[PDB]
Amino acid sequence: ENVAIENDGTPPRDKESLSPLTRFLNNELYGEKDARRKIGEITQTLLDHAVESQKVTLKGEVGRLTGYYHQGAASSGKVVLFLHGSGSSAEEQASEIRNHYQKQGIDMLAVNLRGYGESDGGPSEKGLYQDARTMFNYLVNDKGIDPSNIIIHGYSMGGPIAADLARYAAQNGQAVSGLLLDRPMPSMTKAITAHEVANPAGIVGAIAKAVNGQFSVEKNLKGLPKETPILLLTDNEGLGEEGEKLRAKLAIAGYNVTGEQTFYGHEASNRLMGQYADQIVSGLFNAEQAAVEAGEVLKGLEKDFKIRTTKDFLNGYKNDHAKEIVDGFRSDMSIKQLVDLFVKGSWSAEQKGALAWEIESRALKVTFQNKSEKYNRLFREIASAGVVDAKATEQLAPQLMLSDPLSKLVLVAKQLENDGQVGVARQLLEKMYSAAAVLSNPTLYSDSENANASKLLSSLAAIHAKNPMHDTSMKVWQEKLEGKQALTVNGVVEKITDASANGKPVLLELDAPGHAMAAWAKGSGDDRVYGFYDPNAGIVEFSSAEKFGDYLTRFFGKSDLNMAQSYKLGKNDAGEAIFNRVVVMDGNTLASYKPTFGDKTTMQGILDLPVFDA
């Protein structure tokens, strides 16, 4: 089924083309026929120095797939499959990037897809994925690269394609080493309307509506093992803006997504590869992860290094206020250098608040990784056994190396989600991740976006200081099951699972003496799902009430994980665990609460705060 593929041949090159609409759609999608094939003479002159492997032609599914293979350098034996984007030839797109791998001693396979360069055929989505695999099958069979220490690379469109290939390789047991989404197209539809302006309704939107669900990175990645390292590097233009939106979706879903947003334009290959080549080639193996774990626990030491109510501190807790009145501090410094700026000359009540925001805003991004594998293992064990669950989700929700606030909110969301709205729990997390990236690199993103993130950050802080349970103006709870009316572990499963209500939400808050957790039920009939948020173990939902019981008991009890003992909560009369307190909460009351006196944004308004303006 997967034999050798090399084949030389020397005719001129074939084509497709159809009905005059679909022609000047295909032109819009993939580039004009001539533009696809033009190789510029300066490149050809350089490539005509295949005088020191260097030229390639493979048997594609609809014809020949021409291109070039590029050797390593003067001196640890690995290759970059390069999948090119639309608009130009593979030789032109690669010419800029082809050198930065070369000099490190990395090979690269730059092969054209159907309809590009000198390759036979006409561009087609199902076909372009097929041609990508041909290039892959040239690397392992024809040139026998070791199982897989190869990276995909990964481009505008090359991205969606790269994603698809990476899934096929894994599914077929030839699992590739790394994926690189280099300034990628999130989806064809969104790639069109981004480079064009806003959201027109004429032809540009008719094309977009036509090409819906084509070249979708998230859609092509579903199937890929989540451990597979993905490096996602975005441009500074509107395709990055949609790329960073994607990044968050991919992070929360749980893919191994690294990288940042660049400040380079979508066509600026040489400048981007100029900076990121090191980070890219250090991005395909696993220590690596040890080397950033070390620098990770670094800032964990510096958090242990580390008034909240007093009016002076709150006057200084905001963006760009430290840069005026606190000397010694630059805006480009690390947390290591900012926390050291705290302990040099130690400051007034207002100046301490100014550094607090500046430190805790950088800190937000560091809350999301890591997560201990046991919690992922336990989630996978529950989905595996029995009738596998359709809506079994898992979200990397921020773990606040610092809950108190999130746990209040996750419940607000599920009320809203029960009332017909949907995804807002998931969206909150993404927006928190997005806001982190914005605050943790302030220069890149706009004045407005820096401002919006510091409002979501502010709202989280305001819930931290002023709790709804510690409040008298309204009552956000229905009842408090504590004392000898306190619920057992299975007692929480019963209130959540009991279907004597089948159209209403069950919004619990599970209070251990250290950490404060939550759990819920929403939905109608088939859609009815039961869920649980732990601060330092992410979120899980299941639509099978039995699978919820399996997880939740294995989470706390001795059967598997035994996280009850470790979460330091006392035993009941028979000798089992019972939470300190268990709040059955009112969603509508809680959703109307405002954390700041003077500000009119409610808990539901906090959920719907923007981060990226649009």
# chains A, B, ... in the order shown; residues from 1 in each chain; ligands from 1
call {"tool": "residues_around", "arguments": {"residues": "residue 95 in chain A", "least_positions_apart": "6", "cutoff": "10 Å", "atoms": "only C-alpha atoms", "output": "ChimeraX atom specification"}}
result
/A:42-44,46-47,110,269-270
call {"tool": "residues_around", "arguments": {"residues": "range 398-412 of chain A", "least_positions_apart": "4", "cutoff": "7 Å", "atoms": "only C-alpha atoms", "output": "ChimeraX atom specification"}}
result
/A:367-368,416,425,460,463-464,507,516-518,535-536,587,590-591,604
call {"tool": "write_last_selection", "arguments": {"atoms": "C-alpha atoms", "output": "mmCIF file, in the first residue's frame"}}
result
data_model
loop_
_atom_site.group_PDB
_atom_site.id
_atom_site.type_symbol
_atom_site.label_atom_id
_atom_site.label_comp_id
_atom_site.auth_asym_id
_atom_site.auth_seq_id
_atom_site.Cartn_x
_atom_site.Cartn_y
_atom_site.Cartn_z
ATOM 1 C CA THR A 367 -0.872 29.889 35.084
ATOM 2 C CA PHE A 368 -2.015 27.669 32.136
ATOM 3 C CA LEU A 416 -26.621 31.008 30.673
ATOM 4 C CA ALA A 425 -17.703 28.560 29.534
ATOM 5 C CA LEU A 460 -10.953 38.608 38.133
ATOM 6 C CA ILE A 463 -13.897 38.816 42.543
ATOM 7 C CA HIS A 464 -10.744 37.697 44.379
ATOM 8 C CA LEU A 507 -25.024 24.631 40.082
ATOM 9 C CA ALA A 516 -12.498 25.697 46.281
ATOM 10 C CA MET A 517 -13.956 23.613 43.429
ATOM 11 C CA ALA A 518 -17.225 23.370 41.460
ATOM 12 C CA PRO A 535 -8.468 24.598 39.832
ATOM 13 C CA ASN A 536 -5.248 22.628 39.385
ATOM 14 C CA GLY A 587 -27.484 31.258 38.765
ATOM 15 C CA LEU A 590 -25.072 35.159 41.046
ATOM 16 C CA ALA A 591 -25.061 36.349 37.438
ATOM 17 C CA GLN A 604 -22.573 37.805 33.241
#
call {"tool": "select_by_dssp", "arguments": {"residues": "range 207-255 of chain A", "states": "alpha helix (DSSP H)", "output": "PyMOL selection string"}}
result
chain A and resi 207-210+217-221+238-253
call {"tool": "write_last_selection", "arguments": {"atoms": "N, CA, C and O atoms", "output": "CSV table (one decimal), in the first residue's frame"}}
result
chain,number,residue,atom,x,y,z
A,207,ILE,N,-18.0,33.9,-2.2
A,207,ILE,CA,-16.9,33.0,-2.2
A,207,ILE,C,-16.7,32.3,-0.9
A,207,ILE,O,-16.5,31.1,-0.8
A,208,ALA,N,-16.6,33.2,0.2
A,208,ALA,CA,-16.4,32.7,1.5
A,208,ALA,C,-17.5,31.7,2.0
A,208,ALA,O,-17.1,30.7,2.6
A,209,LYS,N,-18.7,32.0,1.7
A,209,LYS,CA,-19.8,31.1,2.0
A,209,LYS,C,-19.8,29.8,1.2
A,209,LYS,O,-20.2,28.8,1.6
A,210,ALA,N,-19.2,29.9,0.0
A,210,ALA,CA,-19.1,28.7,-0.9
A,210,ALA,C,-18.1,27.7,-0.4
A,210,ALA,O,-18.3,26.5,-0.4
A,217,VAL,N,-7.8,24.4,10.0
A,217,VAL,CA,-6.7,23.8,10.8
A,217,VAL,C,-7.2,23.0,11.9
A,217,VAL,O,-6.8,21.8,12.2
A,218,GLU,N,-8.1,23.6,12.7
A,218,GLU,CA,-8.8,22.9,13.9
A,218,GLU,C,-9.5,21.6,13.4
A,218,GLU,O,-9.5,20.6,14.2
A,219,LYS,N,-10.2,21.7,12.3
A,219,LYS,CA,-10.9,20.6,11.8
A,219,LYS,C,-10.0,19.5,11.3
A,219,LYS,O,-10.2,18.3,11.5
A,220,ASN,N,-8.9,19.8,10.7
A,220,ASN,CA,-7.9,18.9,10.2
A,220,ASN,C,-7.1,18.3,11.3
A,220,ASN,O,-6.6,17.1,11.2
A,221,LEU,N,-6.9,19.0,12.4
A,221,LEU,CA,-6.2,18.5,13.6
A,221,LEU,C,-6.9,17.5,14.5
A,221,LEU,O,-6.3,16.7,15.2
A,238,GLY,N,-4.1,40.8,10.0
A,238,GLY,CA,-5.4,40.2,10.2
A,238,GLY,C,-5.5,38.7,10.2
A,238,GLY,O,-6.5,38.1,10.8
A,239,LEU,N,-4.7,38.0,9.5
A,239,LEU,CA,-4.6,36.5,9.5
A,239,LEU,C,-4.0,36.0,10.8
A,239,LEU,O,-4.4,34.9,11.2
A,240,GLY,N,-3.1,36.7,11.4
A,240,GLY,CA,-2.6,36.4,12.7
A,240,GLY,C,-3.7,36.7,13.8
A,240,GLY,O,-4.0,35.8,14.7
A,241,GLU,N,-4.4,37.8,13.7
A,241,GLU,CA,-5.5,38.2,14.6
A,241,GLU,C,-6.5,37.0,14.6
A,241,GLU,O,-7.0,36.7,15.7
A,242,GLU,N,-6.8,36.3,13.5
A,242,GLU,CA,-7.6,35.1,13.4
A,242,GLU,C,-6.8,33.9,13.8
A,242,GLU,O,-7.4,32.9,14.2
A,243,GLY,N,-5.5,34.0,13.6
A,243,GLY,CA,-4.6,32.9,14.1
A,243,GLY,C,-4.5,32.8,15.6
A,243,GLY,O,-4.4,31.7,16.1
A,244,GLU,N,-4.4,33.9,16.3
A,244,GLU,CA,-4.3,33.9,17.7
A,244,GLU,C,-5.7,33.5,18.4
A,244,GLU,O,-5.7,32.8,19.4
A,245,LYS,N,-6.8,33.9,17.8
A,245,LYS,CA,-8.1,33.4,18.1
A,245,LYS,C,-8.1,31.9,18.1
A,245,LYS,O,-8.5,31.2,19.0
A,246,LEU,N,-7.5,31.3,17.0
A,246,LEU,CA,-7.3,29.9,16.8
A,246,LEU,C,-6.4,29.3,17.9
A,246,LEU,O,-6.7,28.2,18.5
A,247,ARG,N,-5.3,29.9,18.1
A,247,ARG,CA,-4.3,29.4,19.1
A,247,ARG,C,-5.0,29.1,20.4
A,247,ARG,O,-4.8,28.0,20.9
A,248,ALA,N,-5.8,30.0,20.9
A,248,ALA,CA,-6.6,29.9,22.2
A,248,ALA,C,-7.5,28.7,22.1
A,248,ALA,O,-7.6,27.9,23.1
A,249,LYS,N,-8.2,28.5,21.0
A,249,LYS,CA,-9.1,27.4,20.9
A,249,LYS,C,-8.3,26.1,21.0
A,249,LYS,O,-8.8,25.2,21.7
A,250,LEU,N,-7.2,26.1,20.3
A,250,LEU,CA,-6.3,24.9,20.3
A,250,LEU,C,-5.6,24.6,21.7
A,250,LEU,O,-5.4,23.5,22.0
A,251,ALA,N,-5.3,25.7,22.4
A,251,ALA,CA,-4.7,25.5,23.8
A,251,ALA,C,-5.7,24.9,24.7
A,251,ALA,O,-5.4,23.8,25.3
A,252,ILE,N,-6.8,25.6,24.8
A,252,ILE,CA,-8.0,25.1,25.7
A,252,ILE,C,-8.4,23.7,25.4
A,252,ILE,O,-8.5,22.9,26.3
A,253,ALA,N,-8.5,23.3,24.1
A,253,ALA,CA,-8.8,22.0,23.7
A,253,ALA,C,-7.8,21.0,24.2
A,253,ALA,O,-8.1,19.8,24.4
call {"tool": "residues_around", "arguments": {"residues": "range 444-457 of chain A", "least_positions_apart": "5", "cutoff": "9 Å", "atoms": "only C-alpha atoms", "output": "number ranges by chain"}}
result
A: 236, 261-263, 318-319, 357, 361, 364, 431-432, 434-436, 438-439, 462, 606-607, 609-613
call {"tool": "residues_around", "arguments": {"residues": "residue 39 in chain A", "least_positions_apart": "4", "cutoff": "12 Å", "atoms": "only C-alpha atoms", "output": "MDAnalysis selection string"}}
result
chainID A and resid 34:35 43:47 67 87:95 112 116:118
call {"tool": "closest_residue", "arguments": {"among": "A:317, A:138, A:329, A:477", "to": "residue 5 in chain A", "atoms": "only C-alpha atoms"}}
result
A:138
call {"tool": "closest_residue", "arguments": {"among": "A:265, A:72, A:12, A:122", "to": "residue 99 in chain A", "atoms": "only C-alpha atoms"}}
result
A:72
call {"tool": "closest_residue", "arguments": {"among": "A:184, A:173, A:283, A:503", "to": "residue 526 in chain A", "atoms": "only C-alpha atoms"}}
result
A:503
call {"tool": "closest_residue", "arguments": {"among": "A:529, A:204, A:132, A:106", "to": "residue 76 in chain A", "atoms": "only C-alpha atoms"}}
result
A:106
call {"tool": "atom_distance", "arguments": {"atom1": "CA of residue 260 in chain A", "atom2": "CA of residue 440 in chain A"}}
result
10.7 Å
call {"tool": "select_by_dssp", "arguments": {"residues": "range 463-524 of chain A", "states": "strand (DSSP E)", "output": "PyMOL selection string"}}
result
chain A and resi 477-482+506-511+516-522
call {"tool": "write_last_selection", "arguments": {"atoms": "C-alpha atoms", "output": "tab-separated table (two decimals), in the first residue's frame"}}
result
chain	number	residue	atom	x	y	z
A	477	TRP	CA	-27.12	31.00	47.21
A	478	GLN	CA	-30.23	28.83	47.77
A	479	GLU	CA	-28.91	26.61	50.59
A	480	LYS	CA	-25.59	25.66	52.23
A	481	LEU	CA	-25.20	21.92	52.87
A	482	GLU	CA	-22.67	21.83	55.77
A	506	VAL	CA	-27.77	22.21	39.05
A	507	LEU	CA	-25.02	24.63	40.08
A	508	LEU	CA	-22.92	23.37	43.01
A	509	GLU	CA	-19.76	24.73	44.61
A	510	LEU	CA	-17.57	22.19	46.40
A	511	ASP	CA	-15.55	23.80	49.18
A	516	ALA	CA	-12.50	25.70	46.28
A	517	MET	CA	-13.96	23.61	43.43
A	518	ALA	CA	-17.22	23.37	41.46
A	519	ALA	CA	-19.54	20.98	39.62
A	520	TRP	CA	-22.70	21.28	37.53
A	521	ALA	CA	-25.47	19.91	35.37
A	522	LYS	CA	-27.19	21.65	32.42
call {"tool": "residues_around", "arguments": {"residues": "residue 426 in chain A", "least_positions_apart": "3", "cutoff": "8 Å", "atoms": "only C-alpha atoms", "output": "list in words"}}
result
residues 252, 395, 423, 429 and 430 of chain A
call {"tool": "atom_distance", "arguments": {"atom1": "CA of residue 538 in chain A", "atom2": "CA of residue 303 in chain A"}}
result
20.7 Å
call {"tool": "residues_around", "arguments": {"residues": "range 388-390 of chain A", "least_positions_apart": "3", "cutoff": "7 Å", "atoms": "only C-alpha atoms", "output": "list in words"}}
result
residues 383, 384, 385, 542, 543 and 544 of chain A
